[PDB]
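As structure tokens, one chain now follows by itself in the form deposited in one PDB entry.
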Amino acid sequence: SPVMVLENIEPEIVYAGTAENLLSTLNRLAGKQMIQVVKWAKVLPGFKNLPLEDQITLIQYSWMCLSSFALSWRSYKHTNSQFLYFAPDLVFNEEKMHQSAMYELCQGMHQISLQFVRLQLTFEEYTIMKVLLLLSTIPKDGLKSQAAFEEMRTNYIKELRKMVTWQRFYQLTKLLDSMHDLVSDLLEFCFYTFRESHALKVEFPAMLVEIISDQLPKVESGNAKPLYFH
């Protein structure tokens, strides 16, 4: 059953409208995308039944994984992965990557987009993997309904199996582990531009200000335990 509902609840499109200007713009796009993210999550099978608290945590702990992974999907569906399709009005060229002073991070997300096309990823696999990323980062000590959380997660994993079936399941779950590596780098650059936003002149909406404000204190503390498949 999950296969369908997941596919029916997929979001639409969001617009974005020197490093400082670009970065600030991306943080704007991010804040708007986030409501899109929350709408998609609220009606997610299994997930929606967890206490409200657990849903917030899971989201804030994965907002970057979800933003990054989704960008790749978009860069793959709209440009054959030859560009970074952040939004219809903001597609990154080799140049803007440099222009953004976030080049290698950009190359990082781009390389994910390259796997998608190389692997010929399908929307079904994407949907399930997206859910998995939403359930891959949890507090070091757990959540209020841990057992419920674990059962649900292992089920989405089995769901991805039935989906792919075995090199496929490996290639797909290894890419998700990879996502963890890229997301740690992004978050460091984020915590930096955030911490020194006034010195760099980098802006943050308010949704992001409240997500990042809880995030780094506990992430730089080692409390955000990433879940790996391999």
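A residue's number is simply how far along the shown sequence it sits, counting from 1.
Another form exists, deposited with a partner chain bound; not displayed. Remarks below refer to it.
Colleague: Flag this candidate site as yes only if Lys39, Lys42 and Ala206 all have a heavy atom within 4.5 Å of the partner chain in the entry with it bound; otherwise mark no.
Modeller: Spot residues vs the partner chain: full contact, yes.
Colleague: Though the partner chain is not shown, can you say which of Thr193, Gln60, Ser68, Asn27 has a heavy atom within 4.5 Å of it in the entry with it bound?
Modeller: None of the others qualify; the residue that does is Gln60.
Colleague: Evaluate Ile35 for contact with the partner chain in the entry with it bound, applying a 4.5 angstroms cut-off between non-hydrogen atoms, and reply yes or no.
Modeller: Residue-level check for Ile35: yes, a contact with the partner chain.
Colleague: Given that the partner chain is not shown alongside this chain, does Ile211 nevertheless sit within 4.5 Å of it in the entry with it bound, heavy atom to heavy atom?
Modeller: Taking the distances in the entry with it bound, the answer for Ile211 is yes, it comes within 4.5 Å of the partner chain.
Colleague: Hey, in the entry with it bound, does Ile56 get a heavy atom within 4.5 angstroms of the partner chain?
Modeller: Because a heavy atom of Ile56 falls inside 4.5 Å of the partner chain in the entry with it bound, the answer is yes.
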